[PDB]
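Remarks on the structure that follows.
So you know, we letter chains A, B, ... as the sequences are listed, proteins then strands, and number each from 1.
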Amino acid sequence: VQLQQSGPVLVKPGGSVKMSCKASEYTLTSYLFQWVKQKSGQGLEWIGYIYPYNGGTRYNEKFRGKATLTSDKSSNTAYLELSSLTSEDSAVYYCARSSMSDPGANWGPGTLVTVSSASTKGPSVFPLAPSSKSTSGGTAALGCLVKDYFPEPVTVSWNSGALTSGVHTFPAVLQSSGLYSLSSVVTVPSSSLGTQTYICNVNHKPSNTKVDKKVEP
Amino acid sequence: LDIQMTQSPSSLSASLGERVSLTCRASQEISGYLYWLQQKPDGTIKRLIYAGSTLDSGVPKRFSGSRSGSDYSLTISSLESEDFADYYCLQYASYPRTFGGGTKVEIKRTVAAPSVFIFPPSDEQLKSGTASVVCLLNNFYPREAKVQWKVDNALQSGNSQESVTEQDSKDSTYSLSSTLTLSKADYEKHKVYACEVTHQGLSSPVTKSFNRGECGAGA
């Protein structure tokens, strides 16, 4: 149960955007795709549905006809296109597949759309090196500062996902420069520093940037 | 028309291991076509219950769903740290599909003093022309915490920003970062950078600092 959705995008005001949603399996059979919108920090709102079987569609009146839902039977993919974009459109969009067996059976991860006149910018990744000033007991703290990027979001993993316990990735903060910044920290064995490598994998899909930074003591 | 879903409470606090319940009231008959979902901090949404009381096969027995007239409730028998998230009800008896306002679950746990660490700016950032000094308050509880910056014994003001994580999915604690941002020039002009933190779990305020001259280690 894991629906796939297209990545995050930055789009200028007045423009449009089209996002996709497809099952991670051939699936087949008659199913319906439900779409949902969520502004940052707010609740969920139903956008509408697209019924591949007959091409039927239905939309929440609140979108004033700005949303268009379509689908491609061959690829089992559903699309959501939003027009004449405004800041009101900056939000995360989700898709869910229903009817088959369920009732909101599977959900996609969501697609974060940011409407802005500002240009995309990849982050600079600096190390937060472990030292006696970040070590207590046999435990050392270390991390990565993901600075000056736009727009959201960025993803941070440690050692290709092999390190998850103790990882704390802070909420991005908008700086006075209009760019975002955040840190991701993790605690590890102080004795491992000489043998084990610790690398933060940073991905900023809006700028198509990916950086892996090894954090040295 | 438009079926209204009234969910309560908006925010819920409870000790780990307790049994908690969320209610959703339908303004119209929905014939058990009520759905419960969980949205974790990282955005992940998953089906918990459907048909009012049917449990998703992938969800643990701790989650239960019931109905009493126009009242529908989601019950989590034994709260776990992993349950920290926002919960929403959704009726699918008719269109438009409508959601409840949501419930945010807060987890109460034993007090935990934070471990305090400080990080000098990296040489790499300095080359860029900027300096970020980071103070980390790790794994504490409750949320209440005060962090003050002193540069060469002078209290700092207006040049730092703090960020806090949501309660940890494993132990329900918080972590906080306080970042002091300076121009490379201003960072090079001073030597002692201190982070002073006050927290309930700490007997007295703790001060963590470093001397730019000694670098990050003991040079």
Side-chain angles (χ1 to χ4, degrees), chain A residues 1-3 5 21 23-24 31-38 42-46 49 92 94-110, chain B residues 3 5-14 16-26 30-68 70-93 97-107 166-167 169-170 172:
Chain A
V1 178
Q2 301 183 302
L3 250 41
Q5 288 192 67
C21 172
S24 192
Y31 43 48
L32 189 164
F33 292 90
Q34 300 288 348
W35 289 74
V36 176
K37 174 182 181 179
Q38 194 181 207
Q42 302 313 97
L44 302 177
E45 168 179 45
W46 180 69
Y49 71 68
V92 176
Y94 292 85
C95 59
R97 180 174 57 182
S98 309
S99 181
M100 165 58 107
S101 296
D102 312 301
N106 317 72
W107 285 77
Chain B
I3 303 179
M5 298 304 266
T6 300
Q7 194 181 327
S8 54
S10 174
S11 60
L12 188 47
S13 173
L16 279 171
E18 292 299 82
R19 169 166 300 186
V20 81
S21 189
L22 290 57
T23 50
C24 184
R25 190 179 190 68
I30 58 180
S31 303
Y33 295 122
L34 186 142
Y35 182 112
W36 283 102
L37 66 82
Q38 172 192 251
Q39 185 176 218
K40 301 270 289 182
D42 78 334
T44 305
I45 291 176
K46 69 173 64 183
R47 177 173 95 249
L48 295 180
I49 295 172
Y50 68 94
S53 59
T54 298
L55 180 66
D56 182 280
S57 294
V59 183
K61 56 72 181 297
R62 309 200 307 286
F63 292 93
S64 189
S66 62
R67 174 196 177 185
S68 58
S70 296
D71 291 301
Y72 292 78
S73 195
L74 169 68
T75 296
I76 305 184
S77 62
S78 315
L79 249 189
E80 307 292 353
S81 295
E82 68 190 60
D83 298 332
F84 178 83
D86 285 344
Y87 297 82
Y88 294 91
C89 50
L90 173 172
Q91 67 73 27
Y92 57 100
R97 290 293 189 250
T98 46
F99 297 89
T103 296
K104 181 182 176 179
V105 172
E106 307 181 7
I107 307 300
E166 292 269 60
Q167 294 190 75
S169 67
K170 297 297 176 300
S172 302

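Under 3.5 Å, the side chains of B:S172 and B:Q167 contain no donor-acceptor pair of N or O atoms. A donor-acceptor pair shorter than 3.5 Å cannot be found between the side chains of B:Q7 and B:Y72. Between the side chains of B:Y87 and B:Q38, at least one donor N or O lies within less than 3.5 Å of an accepting N or O. Inspection of the B:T23 and B:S8 side chains reveals an N or O donor paired with an N or O acceptor under 3.5 Å.
Atoms OH and CG, on A:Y31 and A:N106 in that order, are 11.0 Å from each other to the nearest 0.5 Å. Distance CG/B:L90 to CD1/B:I49: 13.0 Å, rounded to 0.5 Å. Here CD of A:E45 is found 15.0 Å from CZ of B:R97. Values are rounded to the nearest 0.5 Å. Between B:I107 atom CD1 and B:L12 atom CG the span is 8.5 Å, to the nearest 0.5 Å. With rounding to the nearest 0.5 angstrom, the CG atom of B:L55 is 9.0 Å from the OH atom of B:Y50. Between the CD1 atom of B:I30 and the OG atom of B:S70 there is a distance of 8.0 Å, given to the nearest 0.5 Å.
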Under the criterion side chain to side chain contact (heavy atoms under 4.5 Å, CB included), I'd like the reasoning laid out for B:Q91 against B:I3: C-alpha separation, chi angles, the key distance, then a yes or no. CA-CA 8 Å; B:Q91 67 73 27; B:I3 303 179; 3.9 Å; yes
Run A:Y49 and A:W35 through side chain to side chain contact (heavy atoms under 4.5 Å, CB included) and show every step you take. CA-CA 6 Å; A:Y49 71 68; A:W35 289 74; over 6 Å; no
I'd like to know whether B:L48 forms a side chain to side chain contact (heavy atoms under 4.5 Å, CB included) with B:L74, so could you lay out the CA-CA distance, the side-chain angles of the two residues, the decisive distance to 0.1 Å, and finally the verdict. CA-CA 9 Å; B:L48 295 180; B:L74 169 68; 4.0 Å; yes
Go through it in stages, so that I can follow the logic: the residues are A:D102 and A:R97, the test is salt bridge (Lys or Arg N to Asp or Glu O under 4.0 Å), and I'd like the CA-CA distance, side-chain angles, deciding distance and then a yes or no. CA-CA 8 Å; A:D102 312 301; A:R97 180 174 57 182; over 6 Å; no
Just do the salt bridge (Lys or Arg N to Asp or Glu O under 4.0 Å) check on B:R47 and B:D56 with the steps written out, would you? CA-CA 7 Å; B:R47 177 173 95 249; B:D56 182 280; 2.8 Å; yes
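Contact annotation: the side chain of B:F84 never approaches that of B:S169 to less than 4.5 Å [non-hydrogen atoms, C-beta and beyond]. Under the 4.5 Å side-chain criterion, counting only non-hydrogen atoms from C-beta, B:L79 is not in contact with B:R62. When side chains are defined from C-beta on, B:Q39 does not count as touching A:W107, because their heavy atoms never get closer than 4.5 Å. Counting heavy atoms from C-beta outward, B:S73 and B:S66 have side chains that approach closer than 4.5 Å. Side-chain contact between B:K170 and B:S81: absent, with no pair of heavy atoms (C-beta onward) separated by less than 4.5 Å. In this structure, the side chains of B:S11 and B:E106 come closer than 4.5 Å at one or more pairs of heavy atoms. Using a 4.5 Å heavy-atom cutoff, the side chains of B:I76 and B:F63 are in contact. Annotation: side chain of B:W36 is in contact with side chain of B:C24 (closest heavy-atom distance under 4.5 Å).
Around atom NZ of B:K40, more than 12 heavy atoms belonging to other residues, nucleotides or ligands sit under 6.0 Å away. No more than 12 heavy atoms of other residues, nucleotides or ligands sit less than 6.0 Å from atom CD of A:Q2. B:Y33 OH: 12 or fewer foreign heavy atoms inside a 6.0 Å radius.
Annotation for A:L3 and A:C95: closest pair CD2-O, 3.6 Å, computed over non-hydrogen atoms. Across all their heavy atoms, A:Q42 and B:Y88 have their closest contact at O-OH, 3.5 Å. The minimum heavy-atom distance between B:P9 and B:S21, with the atom names listed, is CD-O, 4.4 Å. Residues A:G104 and A:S98 approach most closely at N-OG, 3.0 Å, considering heavy atoms. Residues A:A105 and A:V1 share a closest heavy-atom pair of O-CG1, 3.7 Å. Looking at every heavy atom in both residues, A:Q38 comes nearest to A:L44 through CD-CD2, 3.5 Å.
Ring orientation note: the planes of B:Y35 and B:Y92 are nearly perpendicular, at an angle over 60° on the 30°/60° scale.
A salt bridge links B:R25 with B:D71: at least one charged nitrogen is closer than 4.0 Å to a carboxylate oxygen.
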